[PDB]
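Enquirer: Here it is, the structure, as structure tokens.
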Amino acid sequence: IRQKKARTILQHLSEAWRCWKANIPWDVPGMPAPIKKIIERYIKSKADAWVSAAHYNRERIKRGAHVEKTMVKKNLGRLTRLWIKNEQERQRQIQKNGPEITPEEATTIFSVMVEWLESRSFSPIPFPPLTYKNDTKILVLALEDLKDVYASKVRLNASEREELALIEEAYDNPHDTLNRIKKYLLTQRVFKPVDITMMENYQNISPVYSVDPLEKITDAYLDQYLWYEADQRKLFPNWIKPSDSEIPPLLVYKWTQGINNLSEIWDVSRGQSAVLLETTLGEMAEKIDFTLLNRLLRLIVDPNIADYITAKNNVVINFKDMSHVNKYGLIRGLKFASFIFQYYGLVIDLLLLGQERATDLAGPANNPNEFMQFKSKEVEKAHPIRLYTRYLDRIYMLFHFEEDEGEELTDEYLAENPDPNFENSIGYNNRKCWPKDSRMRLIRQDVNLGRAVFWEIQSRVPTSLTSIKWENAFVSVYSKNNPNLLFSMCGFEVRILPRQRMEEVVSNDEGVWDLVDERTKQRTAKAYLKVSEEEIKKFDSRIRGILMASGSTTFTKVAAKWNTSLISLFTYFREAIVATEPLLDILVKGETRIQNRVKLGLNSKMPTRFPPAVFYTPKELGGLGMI
Amino acid sequence: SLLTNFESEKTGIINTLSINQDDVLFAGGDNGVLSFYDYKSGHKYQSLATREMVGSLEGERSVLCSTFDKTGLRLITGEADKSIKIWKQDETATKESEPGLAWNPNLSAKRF
Amino acid sequence: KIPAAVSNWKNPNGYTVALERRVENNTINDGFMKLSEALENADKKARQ
Amino acid sequence: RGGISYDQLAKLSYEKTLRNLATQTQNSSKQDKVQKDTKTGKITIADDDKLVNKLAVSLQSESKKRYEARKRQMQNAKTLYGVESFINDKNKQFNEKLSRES
Amino acid sequence: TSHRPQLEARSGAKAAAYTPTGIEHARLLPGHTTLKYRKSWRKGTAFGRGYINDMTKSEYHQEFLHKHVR
Amino acid sequence: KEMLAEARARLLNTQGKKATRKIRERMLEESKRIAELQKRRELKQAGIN
Amino acid sequence: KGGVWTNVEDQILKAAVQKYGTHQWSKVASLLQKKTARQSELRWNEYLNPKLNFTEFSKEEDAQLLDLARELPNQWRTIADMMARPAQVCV
RNA sequence: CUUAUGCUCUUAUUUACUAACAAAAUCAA
């Protein structure tokens with residue numbers, strides 16, 4: 001037989017290639033097992049070509065060197081297949097090999113969190129009663145939060161048409177939809193499946209979770225309710241960021257002022273030193289365990305809502321073909337997902353600071369400290385961790401060491417980890433943006449002290465909760481040898497240099513902060529500012545977004561989107577653009593390319609045809625109105 | 001003219017052939033079984049099976065291409081496990097100790 | 001003998017084939033067992 | 001069990017045609033060369049006009065019987081099964097093929 | 001229908017009996033015309049003190065999807 | 001039932017534009033052929049070939 | 001506007017999946033007026049799939065359920081895959 | 001050798017088809 005089986009057996013291949021792309025196992029029930037060996041062999045062969053082209057084109061897109069408009073969407077498709085495969089594999093081997101946390105770890109986690117809440121006399125968040133005085137406003141704030149997506153939209157399809165009906169019907173019937181929400185928080189435990197769409201950012205592909213709108217309403221109410229009660233009862237301490245009290249570049253400014261205002265950091269009369277540490281918490285939200293999550297939320301919230309929160313994270317997630325069950329990781333795409341993450345942050349953080357120092361930072365419960373305070377100099381002085389803060393998942397710690405404490409802490413590291421070839425300065429990383437003179441100099445006793453701090457801290461948090469690695473960690477040391485304490489909190493990159501270590505005081509431009517000591521009112525340091533290279537590449541990726549989405553769009557929209565992107569660029573960090581060279585090159589490269597985009601709207605890239613009055617005159621006079 | 005018929009029976013899809021100066025003929029199998037034939041007589045005197053990899057599919061154990069070197073004492077096989085294996089003729093082996101497979105024909109398989 | 005191919009995605013001649021053609025077995029390990037009982041014991045202890 | 005290989009089925013159909021040929025000779029009993037050319041290499045065989053007709057009529061009649069046997073089998077195949085929903089004859093035909101695979 | 005896989009490839013037997021054209025291609029211009037021949041603060045806290053033949057299970061693939069998703 | 005009568009017809013119609021148009025062109029081509037043949041017959045009724 | 005399922009629309013959807021397949025849900029909602037391809041997919045994967053398990057509770061199932069809901073507190077999509085049952089029936 | 005409607009140039013209004021034409025985004029009330 002030659003001609004008749006060729007139809008059938010290659011359709012088995014095409015079906016099996018679809019099942020591999022969809023992560024369906026492809027079991028043909030009675031299949032001659034040598035043929036199953038063949039079709040599995042070539043599909044692994046086609047898998048290797050398919051996965052290698054996905055890696056090859058993604059490096060090519062990040063370089064930004066002549067990728068098609070189609071190939072960007074094709075590569076978004078292949079990587080969102082591979083990300084969910086890595087997700088579905090990670091779900092399966094967790095379920096074969098059980099939870100990563102040992103029950104002794106979960107016992108210690110629970111015992112610390114109980115002790116913290118007992119120390120603060122925290123009364124847990126109740127279920128919202130029938131007669132709750134703030135109830136209609138919290139629903140109002142929630143529904144406006146949902147509406148503001150659609151106040152800026154024009155053209156709608158089915159799912160938001162029925163969504164907008166629900167908000168409007170909830171406006172008409174506040175008391176009906178409050179009773180429906182309280183009924184869902186009591187009873188409902190099974191939820192509709194969530195769709196993942198993943199956004200192109202040309203450097204990373206980020207996931208976006210689309211929730212059912214009836215579930216979105218009760219999420220947004222639960223979101224707005226819990227945050228109000230958490231901030232009312234003072235759940236989260238002062239050092240948990242983002243806070244509503246300040247915008248992030250005011251956070252960076254209060255951080256550097258707070259670095260300045262501790263006593264005797266800059267004094268290196270003795271051999272005393274200062275170490276700042278930056279760490280991601282890695283796969284923080286990816287490695288949250290629900291059985292721990294539910295039990296810890298019994299501490300903090302009435303068990304009905306805590307049951308609701310655990311129930312909502314366990315939903316079916318489907319892309320196009322691929323469907324699985326998120327039975328381990330947290331979904332950020334929920335509205336209330338904010339609240340768990342900061343709360344799960346507090347669980348990670350109380351490991352790091354311990355019971356005593358986190359009590360010393362956040363102060364007593366009746367009279368809490370502000371973001372940079374201690375009740376005395378001595379409570380500040382009694383422990384080397386002087387300043388702690390947490391911005392989402394980054395961690396910023398400040399260590400003040402006397403000579404003896406630094407020597408013990410590096411000797412015990414070298415006793416545990418020797419270095420005969422003195423290679424501690426090889427894997428050490430510092431900011432390649434600042435120049436080599438005023439970068440963190442690789443000098444052995446500071447390099448060994450820097451690793452010894454991190455080795456101390458990686459022990460404090462287990463690898464089952466988060467993955468704190470040295471490859472993501474950044475340590476800055478200030479010493480006799482290093483006058484620079486340099487860190488990156490938010491797209492800012494900050495270099496602090498004190499006044500006594502400036503040898504000569506020169507006037508600067510407005511890209512340099514003047515850090516003021518409080519009690520002398522005197523300028524005692526200078527915090528130089530630059531932009532992170534990441535946010536620079538985000539803005540270049542953003543401009544490529546304007547250019548690739550708008551195929552044959554009107555000219556004034558292209559100029560308008562450039563205005564929105566550039567104002568957003570310059571308003572968030574304004575001062576740091578003074579000092580950064582490659583950002584200025586990318587501003588030139590972007591603005592010329594968008595002017596080239598208008599020039600490609602016609603068939604002319606002539607300079608003489610396009611004087612700057614064409615582009616830069618406002619819309620009232622008939623120009624683009626570019627900035 | 002047909003010189004000789006080898007004892008190739010039970011092999012299935014022979015991907016590659018290589019011939020030594022020493023009349024060692026190689027027959028790479030799609031089953032992973034690689035068999036060495038004396039070229040003059042057409043007799044299998046060794047049959048061997050490879051390991052696939054640390055982790056890989058059971059169909060991937062297959063030889064796709066092969067050659068001897070100029071000397072003839074090395075056999076280089078590129079296989080579908082994404083690897084290259086270098087097969088080496090075992091010294092310190094006398095006729096005794098390893099005659100190989102027995103010279104046993106059957107007339108039932110009418111190959112001859 | 002090869003079965004005929006019944007696909008869940010394509011249907012080039014638009015055939016109607018019954019639902020049984022188109023359309024795990026393990027347990028949880030003791031890691032989940034020991035985890036939940038320890039948390040409950042710690043909760044009972046914290047209650048005490 | 002198994003199917004019958006094309007050597008055996010060639011032999012069995014060979015025997016069936018021998019038995020039928022023998023019954024034709026028996027019924028004909030109850031109811032009652034080679035020259036090669038010199039000019040060319042072509043060869044000439046003297047034949048009766050009978051038994052050439054009889055072979056041709058037999059081959060036609062066997063073709064008729066197999067045609068009508070399959071045609072009646074077509075009639076049964078589209079009248080037997082009516083459980084599953086279909087769209088055309090080719091749907092039921094292909095879904096009879098999936099029933100044969102079970 | 002109209003969208004078919006191949007039963008056979010286009011054979012060179014048919015193209016051999018055709019008459020040639022003698023059109024002049026850019027890559028058949030004379031080039032390389034000559035052959036070359038061979039011759040106490042650490043106490044208060046909670047608790048302190050390789051190749052696989054699978055492109056999807058590889059270590060580089062895990063380091064890929066952690067960086068390019070974020 | 002009108003939804004069901006629409007669904008009953010859509011599930012039992014499997015071809016698309018290209019096959020239905022090919023059917024229509026094939027019927028119209030044969031109709032042109034049948035017309036042209038009977039023309040020749042009616043002209044042959046008159047004796048003119 | 002969120003409507004309830006009649007047994008008429010129930011029979012269209014079963015005949016739709018029988019022809020179109022379980023992945024072409026916008027093909028299914030074209031036949032099925034007033035209903036969504038999300039809603040069509042949701043009912044087939046929660047109600048209408050004949051592989052699903054709508055039957056009586058043996059005492060092994062009841063002892064297994066009270067074990068799983070104690071060991072995996074409030075993970076009903078997780079428990080329903082362990083029980084090989086639909087989820088809201090399991091609740 | 002059977003003999004049966006010749007569309008007018010401009011402007012306005014209304015209706016039908018048609019462009020498989022286009023479109024409120026950041027932001028300020």
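Residues in the structure tokens are numbered from 1 in each chain, the chains being A, B, ... in the order shown, and ligands are numbered from 1 in the order shown.
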Would you mind listing what lies within 9 Å of segment 135-141 of chain A as a list in words, with only C-alpha atoms (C1' of nucleotides) counted and same-chain residues fewer than 2 positions away left out?

Expert: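 Near segment 135-141 of chain A, the qualifying residues are residues 128, 131, 132, 133, 143, 144, 145, 146, 170, 171, 174, 175, 178, 220, 221, 224, 225 and 228 of chain A.
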
Enquirer: I need the chosen residues saved as a PDB file, in the first residue's frame, with N, CA and C atoms.

Expert:
ATOM      1  N   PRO A 128     -17.696  42.828  55.357  1.00  0.00           N
ATOM      2  CA  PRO A 128     -18.464  44.073  55.304  1.00  0.00           C
ATOM      3  C   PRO A 128     -19.909  43.837  55.690  1.00  0.00           C
ATOM      4  N   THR A 131     -25.006  46.932  57.443  1.00  0.00           N
ATOM      5  CA  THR A 131     -25.054  48.366  57.708  1.00  0.00           C
ATOM      6  C   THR A 131     -23.619  48.859  57.838  1.00  0.00           C
ATOM      7  N   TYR A 132     -22.999  49.139  56.702  1.00  0.00           N
ATOM      8  CA  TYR A 132     -21.618  49.592  56.659  1.00  0.00           C
ATOM      9  C   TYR A 132     -21.612  51.013  56.132  1.00  0.00           C
ATOM     10  N   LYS A 133     -21.071  51.934  56.926  1.00  0.00           N
ATOM     11  CA  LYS A 133     -21.289  53.354  56.679  1.00  0.00           C
ATOM     12  C   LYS A 133     -20.561  53.848  55.437  1.00  0.00           C
ATOM     13  N   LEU A 143     -16.357  51.393  40.954  1.00  0.00           N
ATOM     14  CA  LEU A 143     -16.957  51.393  39.630  1.00  0.00           C
ATOM     15  C   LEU A 143     -16.376  52.480  38.747  1.00  0.00           C
ATOM     16  N   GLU A 144     -15.971  53.601  39.335  1.00  0.00           N
ATOM     17  CA  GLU A 144     -15.251  54.592  38.554  1.00  0.00           C
ATOM     18  C   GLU A 144     -13.895  54.057  38.137  1.00  0.00           C
ATOM     19  N   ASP A 145     -13.283  53.237  38.995  1.00  0.00           N
ATOM     20  CA  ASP A 145     -12.019  52.594  38.663  1.00  0.00           C
ATOM     21  C   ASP A 145     -12.189  51.648  37.485  1.00  0.00           C
ATOM     22  N   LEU A 146     -13.335  50.986  37.402  1.00  0.00           N
ATOM     23  CA  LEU A 146     -13.603  50.132  36.257  1.00  0.00           C
ATOM     24  C   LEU A 146     -14.001  50.934  35.032  1.00  0.00           C
ATOM     25  N   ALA A 170     -25.330  48.834  38.005  1.00  0.00           N
ATOM     26  CA  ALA A 170     -24.915  48.950  39.394  1.00  0.00           C
ATOM     27  C   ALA A 170     -25.070  50.374  39.898  1.00  0.00           C
ATOM     28  N   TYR A 171     -24.918  51.359  39.009  1.00  0.00           N
ATOM     29  CA  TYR A 171     -25.223  52.738  39.369  1.00  0.00           C
ATOM     30  C   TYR A 171     -26.699  52.911  39.681  1.00  0.00           C
ATOM     31  N   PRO A 174     -27.669  50.514  43.463  1.00  0.00           N
ATOM     32  CA  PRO A 174     -26.535  50.295  44.367  1.00  0.00           C
ATOM     33  C   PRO A 174     -26.808  49.211  45.383  1.00  0.00           C
ATOM     34  N   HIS A 175     -27.993  49.215  45.985  1.00  0.00           N
ATOM     35  CA  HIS A 175     -28.270  48.277  47.057  1.00  0.00           C
ATOM     36  C   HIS A 175     -28.492  46.869  46.528  1.00  0.00           C
ATOM     37  N   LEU A 178     -24.889  45.591  45.835  1.00  0.00           N
ATOM     38  CA  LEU A 178     -24.166  45.305  47.071  1.00  0.00           C
ATOM     39  C   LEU A 178     -24.583  43.967  47.648  1.00  0.00           C
ATOM     40  N   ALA A 220     -13.156  44.379  42.190  1.00  0.00           N
ATOM     41  CA  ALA A 220     -12.840  45.786  42.377  1.00  0.00           C
ATOM     42  C   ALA A 220     -13.457  46.324  43.655  1.00  0.00           C
ATOM     43  N   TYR A 221     -14.627  45.807  44.034  1.00  0.00           N
ATOM     44  CA  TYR A 221     -15.165  46.142  45.345  1.00  0.00           C
ATOM     45  C   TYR A 221     -14.303  45.566  46.446  1.00  0.00           C
ATOM     46  N   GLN A 224     -11.088  47.625  46.621  1.00  0.00           N
ATOM     47  CA  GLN A 224     -11.212  48.936  47.241  1.00  0.00           C
ATOM     48  C   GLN A 224     -11.571  48.821  48.719  1.00  0.00           C
ATOM     49  N   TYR A 225     -12.271  47.751  49.101  1.00  0.00           N
ATOM     50  CA  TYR A 225     -12.642  47.581  50.501  1.00  0.00           C
ATOM     51  C   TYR A 225     -11.433  47.275  51.364  1.00  0.00           C
ATOM     52  N   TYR A 228      -8.839  50.070  51.998  1.00  0.00           N
ATOM     53  CA  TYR A 228      -9.307  51.082  52.935  1.00  0.00           C
ATOM     54  C   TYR A 228      -9.207  50.582  54.362  1.00  0.00           C
TER      55      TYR A 228
END

Enquirer: For chain C, list the residues within 10 Å of chain G, counting only C-alpha atoms, and write the list as a list in words.

Expert: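 So the contacting residues turn out to be residues 6, 7, 8, 9, 10, 11, 14, 15, 16, 17, 18, 19, 20, 21, 22, 23, 24, 25, 26, 27, 28, 30, 32, 33, 34, 35, 36, 37 and 40 of chain C.
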
Enquirer: Tell me which protein, DNA and RNA residues are within 9 Å of residue 40 of chain G, counting only C-alpha atoms (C1' of nucleotides), leaving out same-chain ones fewer than 3 positions away, and put them as a PDB file with C-alpha atoms, in the first residue's frame.

Expert:
ATOM      1  CA  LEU G  13     -24.224  23.239  20.764  1.00  0.00           C
ATOM      2  CA  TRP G  25     -15.955  28.405  19.495  1.00  0.00           C
ATOM      3  CA  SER G  26     -16.717  31.423  17.327  1.00  0.00           C
ATOM      4  CA  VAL G  28     -20.284  27.625  17.352  1.00  0.00           C
ATOM      5  CA  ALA G  29     -21.632  30.998  18.501  1.00  0.00           C
ATOM      6  CA  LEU G  32     -26.074  30.092  18.484  1.00  0.00           C
ATOM      7  CA  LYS G  35     -24.937  33.306  23.329  1.00  0.00           C
ATOM      8  CA  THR G  36     -21.199  33.932  23.458  1.00  0.00           C
ATOM      9  CA  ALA G  37     -18.312  31.777  22.244  1.00  0.00           C
ATOM     10  CA  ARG G  43     -20.961  25.250  29.180  1.00  0.00           C
ATOM     11  CA  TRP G  44     -19.361  22.464  27.144  1.00  0.00           C
ATOM     12  CA  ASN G  45     -16.418  22.371  29.511  1.00  0.00           C
TER      13      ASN G  45
END

Enquirer: Could you tell me how far atom CA of residue 87 of chain G sits from atom CA of residue 284 of chain A, in Å to one decimal place?

Expert: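 Computing it gives 28.3 Å between the two atoms.
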
Enquirer: Step one, run DSSP on the backbone; step two, keep only residues of chain B assigned to strand (DSSP E); then write them as an MDAnalysis selection string.

Expert: chainID B and resid 14:19 24:29 33:38 43:49 63:68 74:79 83:88

Enquirer: With a distance threshold of 12 Å and counting only C-alpha atoms, extract the residues of chain A near chain D and express them as number ranges by chain.

Expert: A: 29-31

Enquirer: In Å to one decimal, how far is atom CA of residue 54 of chain A from atom CA of residue 22 of chain A?

Expert: 16.2 Å

Enquirer: Nearest residue to chain C out of E:68, E:49, E:4, E:38, using only C-alpha atoms?

Expert: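 Result for the nearest residue to chain C: E:4.
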
Enquirer: Find the residue from A:328, A:110, A:474, A:396 that sits nearest to chain C; use only C-alpha atoms when measuring.

Expert: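 Closest candidate: A:110.
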
Enquirer: Give me, as JSON lines, each residue of chain A that comes within 10 Å of chain B, together with its shortest interatomic pair and the distance in Å at one decimal, counting only C-alpha atoms, with rows ordered by chain and rising residue number.

Expert:
{"residue": "A:34", "atom": "CA", "partner": "B:59", "partner_atom": "CA", "distance": 8.1}
{"residue": "A:35", "atom": "CA", "partner": "B:59", "partner_atom": "CA", "distance": 9.4}
{"residue": "A:36", "atom": "CA", "partner": "B:59", "partner_atom": "CA", "distance": 8.5}
{"residue": "A:37", "atom": "CA", "partner": "B:59", "partner_atom": "CA", "distance": 4.7}
{"residue": "A:38", "atom": "CA", "partner": "B:59", "partner_atom": "CA", "distance": 6.2}
{"residue": "A:39", "atom": "CA", "partner": "B:59", "partner_atom": "CA", "distance": 8.8}
{"residue": "A:40", "atom": "CA", "partner": "B:59", "partner_atom": "CA", "distance": 7.3}
{"residue": "A:41", "atom": "CA", "partner": "B:59", "partner_atom": "CA", "distance": 5.6}
{"residue": "A:42", "atom": "CA", "partner": "B:60", "partner_atom": "CA", "distance": 8.9}
{"residue": "A:44", "atom": "CA", "partner": "B:57", "partner_atom": "CA", "distance": 8.3}
{"residue": "A:45", "atom": "CA", "partner": "B:80", "partner_atom": "CA", "distance": 9.0}

Enquirer: Which polymer residues have any atom within 10 Å of an atom of segment 24-29 of chain H, counting only C-alpha atoms (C1' of nucleotides), with same-chain residues fewer than 5 positions away left out, as a PyMOL selection string?

Expert: chain A and resi 152-154+557+560-565+567-568

Enquirer: Output the selection as a PDB file, in the first residue's frame - N, CA, C and O atoms for each residue.

Expert:
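After the write, part_33.pdb holds the following:
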ATOM      1  N   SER A 152     -12.151  56.516  27.953  1.00  0.00           N
ATOM      2  CA  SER A 152     -11.236  56.824  26.869  1.00  0.00           C
ATOM      3  C   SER A 152     -11.379  55.903  25.666  1.00  0.00           C
ATOM      4  O   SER A 152     -10.543  55.964  24.759  1.00  0.00           O
ATOM      5  N   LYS A 153     -12.332  54.984  25.669  1.00  0.00           N
ATOM      6  CA  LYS A 153     -12.478  54.149  24.490  1.00  0.00           C
ATOM      7  C   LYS A 153     -13.583  54.664  23.576  1.00  0.00           C
ATOM      8  O   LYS A 153     -14.489  55.386  23.996  1.00  0.00           O
ATOM      9  N   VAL A 154     -13.506  54.263  22.307  1.00  0.00           N
ATOM     10  CA  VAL A 154     -14.500  54.615  21.300  1.00  0.00           C
ATOM     11  C   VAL A 154     -15.338  53.409  20.918  1.00  0.00           C
ATOM     12  O   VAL A 154     -16.557  53.392  21.108  1.00  0.00           O
ATOM     13  N   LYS A 557      -2.038  62.095  14.474  1.00  0.00           N
ATOM     14  CA  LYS A 557      -2.058  61.126  15.562  1.00  0.00           C
ATOM     15  C   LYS A 557      -0.663  60.634  15.902  1.00  0.00           C
ATOM     16  O   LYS A 557      -0.353  60.438  17.084  1.00  0.00           O
ATOM     17  N   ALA A 560       0.792  63.136  17.815  1.00  0.00           N
ATOM     18  CA  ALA A 560       0.177  63.226  19.129  1.00  0.00           C
ATOM     19  C   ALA A 560       0.694  62.145  20.056  1.00  0.00           C
ATOM     20  O   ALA A 560       0.977  62.421  21.222  1.00  0.00           O
ATOM     21  N   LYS A 561       0.826  60.917  19.557  1.00  0.00           N
ATOM     22  CA  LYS A 561       1.339  59.828  20.379  1.00  0.00           C
ATOM     23  C   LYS A 561       2.784  60.076  20.781  1.00  0.00           C
ATOM     24  O   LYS A 561       3.211  59.673  21.867  1.00  0.00           O
ATOM     25  N   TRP A 562       3.550  60.722  19.905  1.00  0.00           N
ATOM     26  CA  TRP A 562       4.891  61.154  20.269  1.00  0.00           C
ATOM     27  C   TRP A 562       4.861  62.180  21.386  1.00  0.00           C
ATOM     28  O   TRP A 562       5.749  62.189  22.242  1.00  0.00           O
ATOM     29  N   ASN A 563       3.857  63.060  21.391  1.00  0.00           N
ATOM     30  CA  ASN A 563       3.739  64.028  22.475  1.00  0.00           C
ATOM     31  C   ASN A 563       3.440  63.339  23.791  1.00  0.00           C
ATOM     32  O   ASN A 563       4.027  63.680  24.819  1.00  0.00           O
ATOM     33  N   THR A 564       2.540  62.359  23.768  1.00  0.00           N
ATOM     34  CA  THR A 564       2.176  61.644  24.984  1.00  0.00           C
ATOM     35  C   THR A 564       3.357  60.872  25.538  1.00  0.00           C
ATOM     36  O   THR A 564       3.600  60.884  26.747  1.00  0.00           O
ATOM     37  N   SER A 565       4.119  60.226  24.659  1.00  0.00           N
ATOM     38  CA  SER A 565       5.257  59.436  25.100  1.00  0.00           C
ATOM     39  C   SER A 565       6.383  60.321  25.604  1.00  0.00           C
ATOM     40  O   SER A 565       7.031  59.999  26.606  1.00  0.00           O
ATOM     41  N   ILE A 567       6.159  63.517  26.791  1.00  0.00           N
ATOM     42  CA  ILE A 567       5.786  64.180  28.035  1.00  0.00           C
ATOM     43  C   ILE A 567       5.875  63.206  29.193  1.00  0.00           C
ATOM     44  O   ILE A 567       6.418  63.534  30.252  1.00  0.00           O
ATOM     45  N   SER A 568       5.404  61.975  28.981  1.00  0.00           N
ATOM     46  CA  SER A 568       5.512  60.930  29.991  1.00  0.00           C
ATOM     47  C   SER A 568       6.960  60.613  30.308  1.00  0.00           C
ATOM     48  O   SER A 568       7.300  60.307  31.456  1.00  0.00           O
TER      49      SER A 568
END

Enquirer: For residue 5 of chain E, list every protein, DNA or RNA residue within 12 Å, evaluated using only C-alpha atoms (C1' of nucleotides), and leave out those in the same chain fewer than 6 positions away; present the list as a list in words.

Expert: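 In the requested format, the answer is residues 6, 7, 10, 11 and 14 of chain A.
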
Enquirer: Give as a list in words every residue of chain E that touches chain F within 12 Å, counting only C-alpha atoms.

Expert: residues 1, 2 and 3 of chain E

Enquirer: What residues in segment 6-47 of chain E get the DSSP label alpha helix (DSSP H)? Please answer as an mmCIF file with C-alpha atoms, in the first residue's frame.

Expert:
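Result file out-v9.cif:
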data_model
loop_
_atom_site.group_PDB
_atom_site.id
_atom_site.type_symbol
_atom_site.label_atom_id
_atom_site.label_comp_id
_atom_site.auth_asym_id
_atom_site.auth_seq_id
_atom_site.Cartn_x
_atom_site.Cartn_y
_atom_site.Cartn_z
ATOM 1 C CA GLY E 12 13.655 16.890 -13.885
ATOM 2 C CA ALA E 13 12.754 14.463 -16.655
ATOM 3 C CA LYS E 14 10.234 16.859 -18.170
ATOM 4 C CA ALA E 15 12.556 19.866 -18.078
ATOM 5 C CA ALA E 16 15.288 17.951 -19.924
#

Enquirer: Considering only C-alpha atoms, can you say which of F:27, F:48, F:34, F:11 comes closest to chain D?

Expert: F:11

Enquirer: Using only C-alpha atoms (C1' of nucleotides), determine which residues lie at most 12 Å from residue 41 of chain C, disregarding the query and same-chain residues fewer than 6 positions distant; provide the list as number ranges by chain.

Expert: A: 103-104, 106-107, 110-111, 295; C: 34-35, 47-48

Enquirer: Using N, CA and C atoms, can you export the residues from the last selection as a PDB file, in the first residue's frame?

Expert:
ATOM      1  N   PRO A 103       6.935  21.575  55.779  1.00  0.00           N
ATOM      2  CA  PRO A 103       6.021  21.971  56.864  1.00  0.00           C
ATOM      3  C   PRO A 103       6.700  22.646  58.034  1.00  0.00           C
ATOM      4  N   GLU A 104       7.997  22.425  58.226  1.00  0.00           N
ATOM      5  CA  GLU A 104       8.709  23.182  59.242  1.00  0.00           C
ATOM      6  C   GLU A 104       8.875  24.639  58.826  1.00  0.00           C
ATOM      7  N   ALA A 106       6.778  26.327  56.839  1.00  0.00           N
ATOM      8  CA  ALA A 106       5.467  26.951  56.944  1.00  0.00           C
ATOM      9  C   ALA A 106       5.071  27.169  58.396  1.00  0.00           C
ATOM     10  N   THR A 107       5.566  26.324  59.295  1.00  0.00           N
ATOM     11  CA  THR A 107       5.320  26.536  60.713  1.00  0.00           C
ATOM     12  C   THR A 107       6.059  27.766  61.219  1.00  0.00           C
ATOM     13  N   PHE A 110       4.349  30.934  59.725  1.00  0.00           N
ATOM     14  CA  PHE A 110       3.103  31.230  60.414  1.00  0.00           C
ATOM     15  C   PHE A 110       3.363  31.765  61.815  1.00  0.00           C
ATOM     16  N   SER A 111       4.390  31.244  62.486  1.00  0.00           N
ATOM     17  CA  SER A 111       4.668  31.650  63.859  1.00  0.00           C
ATOM     18  C   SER A 111       5.187  33.081  63.936  1.00  0.00           C
ATOM     19  N   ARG A 295      -4.139  30.168  55.054  1.00  0.00           N
ATOM     20  CA  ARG A 295      -3.987  30.145  56.498  1.00  0.00           C
ATOM     21  C   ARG A 295      -3.499  31.482  57.025  1.00  0.00           C
TER      22      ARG A 295
ATOM     23  N   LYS C  34       1.449  16.627  54.853  1.00  0.00           N
ATOM     24  CA  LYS C  34       2.151  17.100  56.033  1.00  0.00           C
ATOM     25  C   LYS C  34       2.094  18.616  56.133  1.00  0.00           C
ATOM     26  N   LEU C  35       1.923  19.296  54.999  1.00  0.00           N
ATOM     27  CA  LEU C  35       1.890  20.753  55.012  1.00  0.00           C
ATOM     28  C   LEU C  35       0.635  21.271  55.691  1.00  0.00           C
ATOM     29  N   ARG C  47      -3.958  29.529  68.545  1.00  0.00           N
ATOM     30  CA  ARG C  47      -5.215  29.755  69.242  1.00  0.00           C
ATOM     31  C   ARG C  47      -5.052  29.586  70.745  1.00  0.00           C
ATOM     32  N   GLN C  48      -4.157  28.686  71.162  1.00  0.00           N
ATOM     33  CA  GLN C  48      -4.007  28.381  72.582  1.00  0.00           C
ATOM     34  C   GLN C  48      -3.418  29.546  73.369  1.00  0.00           C
TER      35      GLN C  48
END

Enquirer: Chain C residues within 6 Å of chain A, counting only C-alpha atoms: which ones, as an MDAnalysis selection string?

Expert: chainID C and resid 4:5 31 35 38

Enquirer: Give me a file of those residues, with N, CA, C and O atoms, as a short mmCIF file (atom, residue, chain, number, x, y, z; two decimals), in the first residue's frame.

Expert:
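What landed in out_7.cif:
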data_model
loop_
_atom_site.label_atom_id
_atom_site.label_comp_id
_atom_site.auth_asym_id
_atom_site.auth_seq_id
_atom_site.Cartn_x
_atom_site.Cartn_y
_atom_site.Cartn_z
N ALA C 4 -7.88 6.02 11.43
CA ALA C 4 -8.15 7.25 10.70
C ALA C 4 -7.99 8.44 11.63
O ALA C 4 -8.13 8.33 12.85
N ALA C 5 -7.68 9.59 11.05
CA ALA C 5 -7.30 10.77 11.82
C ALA C 5 -8.53 11.62 12.08
O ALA C 5 -9.12 12.18 11.14
N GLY C 31 3.66 15.51 50.77
CA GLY C 31 4.05 16.89 50.96
C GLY C 31 2.87 17.80 51.20
O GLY C 31 2.95 18.71 52.04
N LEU C 35 1.92 19.30 55.00
CA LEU C 35 1.89 20.75 55.01
C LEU C 35 0.64 21.27 55.69
O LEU C 35 0.70 22.15 56.55
N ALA C 38 0.37 20.52 59.53
CA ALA C 38 1.27 21.32 60.35
C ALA C 38 0.74 22.73 60.52
O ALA C 38 0.86 23.32 61.60
#
